[PDB]
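K.L.:
Here it is: the structure, laid out below.
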Amino acid sequence: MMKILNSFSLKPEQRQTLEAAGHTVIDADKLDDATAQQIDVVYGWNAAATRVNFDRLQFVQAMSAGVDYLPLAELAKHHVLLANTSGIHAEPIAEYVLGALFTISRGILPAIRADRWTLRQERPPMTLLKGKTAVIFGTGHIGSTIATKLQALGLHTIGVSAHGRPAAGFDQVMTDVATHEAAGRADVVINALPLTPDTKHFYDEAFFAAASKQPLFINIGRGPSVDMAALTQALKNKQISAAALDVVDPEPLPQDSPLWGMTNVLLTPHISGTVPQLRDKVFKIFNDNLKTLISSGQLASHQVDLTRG
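Encoded structure:
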């Protein structure tokens with residue numbers, strides 16, 4: 001029997017489902033100071049998930065694949081169990097990256113912004131994807147899925163993890179020391195790195211220099227993992243032909259940004275990690291990890307390494 005803090009607006013069936021196994025469901029807005037100390041589980045996170053008793057708190061179910069907005073250091077000192085939603089976000093992000101490959105590579109971008119038929123003005127020099135090297139930093143579920151879907155379209159994939167272990171949908175996997183070697187061979191670069199001290203400004207000034215073949219850079223990972231002055235610059239000087247920035251640093255990207263009036267920068271407002279029927283596909287992971295904890299005291303799936311993020 002648990003006390004679950006609803007910080008992600010449970011459906012009337014899911015709530016109604018939870019309340020039977022002996023688990024009191026509290027909406028964030030119905031949380032008082034007394035009850036906030038009696039919280040066991042937190043389904044999601046907001047301003048009503050900071051007030052909860054961490055010394056009692058056992059499990060937290062994040063609503064995203066990252067965990068870089070949570071008090072990790074608090075949770076890892078309490079050793080509070082954290083489940084993300086990693087991998088349900090893989091398939092749409094790998095459809096978004098392909099959508100952010102064609103839009104740029106086939107002049108769909110340098111069209112859609114152009115005002116509102120005569121194609122007399124020179125075409126944007128379009129690039130076919132088959133025979134090109136798509137370098138992918140991060141060899142997690144998201145990275146492997148994109149690497150499969152690019153191997154199909156006939157691309158030479160190169161995974162870049164911490165160690166350089168063989169992963170799925172990759173020809174060769176390299177180490178994060180050979181980052182400039184991956185960038186140097188790249189015709190496409192794909193940020194799928196979680197935000198850690200190391201990865202904080204990993205796509206800085208230095209990275210884009212090794213990148214000689216002016217590669218199409220894709221930001222579906224995190225913004226702060228990119229240095230935006232060092233991105234913005236590397237663009238203007240054709241050190242990377244185009245980019246794809248699903249995230250930014252800060253987020254949102256502000257009203258001035260030269261990325262605005264640029265003409266090879268695609269700017270979507272954190273939509274790559276979208277899932278049709280999300281509440282289900284998180285409550286599933288949430289609701290598998292709620293009962294395994296009660297029985298054993300662990301998580302069924304998606305257990306976050308609070309140190310690595």
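Mind the numbering: the sequence shown is residues 1 to 116, 119 to 311 in the deposited numbering, read in order. Think of the CB as a built atom: it goes at the ideal place given N, C-alpha and C, for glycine as much as any other residue.
(1) Compute the beta-carbon to beta-carbon distance between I4 and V25, rounded to the nearest angstrom, for a pair I have assumed lies under 8 Å.
(2) Pick out whichever of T147, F219 and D229 has its Cα sitting closest to the Cα of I88.
(3) Please identify the residue among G44, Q37 and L109 whose C-alpha is closest to the C-alpha of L10.
(4) Taking Cβ to Cβ, would you say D173 is nearer than 7 Å to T159?
(5) Pick helix, strand or coil for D178, following the three-state DSSP scheme.
(6) Roughly how far, in whole angstroms, is the beta-carbon of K132 from the beta-carbon of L101, given that I think they are within contact range, below 8 Å?
(7) For the putative contact between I287 and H304, defined by C-beta atoms under 8 Å, what is the C-beta separation to the nearest angstrom?
(8) For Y43, which residues does DSSP report across the bridge?
(9) According to the neighbour-count rule (16 or more other Cβ atoms, all chains shown, within 10 Å of its Cβ), is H165 buried or exposed?
(10) Would you call the region 219-229 and the region 241-255 touching, i.e. three or more CB-CB distances under 8 Å?
(11) From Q14 to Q37, what does the alpha carbon distance come to, in whole angstroms?
(12) Considering only residues of the same chain and omitting the five flanking positions on each side of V41, which have a CB-CB separation below 6 Å?
(13) Give the DSSP-derived three-state secondary structure of residue 118 in the structure shown.
(14) Span of the alpha helix (DSSP H) holding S146?
(15) What do you get for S298, buried or exposed, if any count of 16 or more other CB atoms within 10 angstroms of its CB means buried?
(16) Between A245 and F210, is the Cβ-Cβ spacing less than 7 Å?
(17) Could you pull the DSSP bridge partners for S163 from this structure?
(18) If you draw a straight line from the alpha carbon of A76 to that of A65, how long is it in whole angstroms?
(19) Which same chain residues, not among the five before or five after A83, have their C-beta less than 8 Å away from its C-beta?
(20) Starting from residue 117, trace the alpha helix (DSSP H) in both directions and tell me its first and last residue.
(21) Could you say which of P127, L280 and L269 lies nearest to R113 if we only look at CA atoms?
(22) Just checking, does the region 137-147 make contact with the region 184-193 on the three C-beta pairs under 8 Å criterion?
(23) Is the beta carbon of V162 less than 7 Å from the beta carbon of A184?
(24) Which residue from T50, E19 and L109 puts its Cα closest to that of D33?
P.N.:
Checking against the coordinates, here is how it stands:
(1) 5 Å
(2) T147
(3) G44
(4) yes
(5) coil
(6) The pair is not a contact, with the Cβ atoms about 12 Å apart (cut-off 8 Å).
(7) 5 Å
(8) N6 and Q61
(9) exposed
(10) yes
(11) 24 Å
(12) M2, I4 and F59
(13) For residue 118, nothing is modelled; it lies in the interval where the chain passes from 116 to 119 with no residues in between.
(14) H143 to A154
(15) exposed
(16) no
(17) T177
(18) 18 Å
(19) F59, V60, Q61, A62, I287, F288, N291, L301, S303, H304, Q305 and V306
(20) Along the chain, the last residue before the gap is 116 and the first after it is 119, so residue 117 carries no coordinates.
(21) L269
(22) yes
(23) yes
(24) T50
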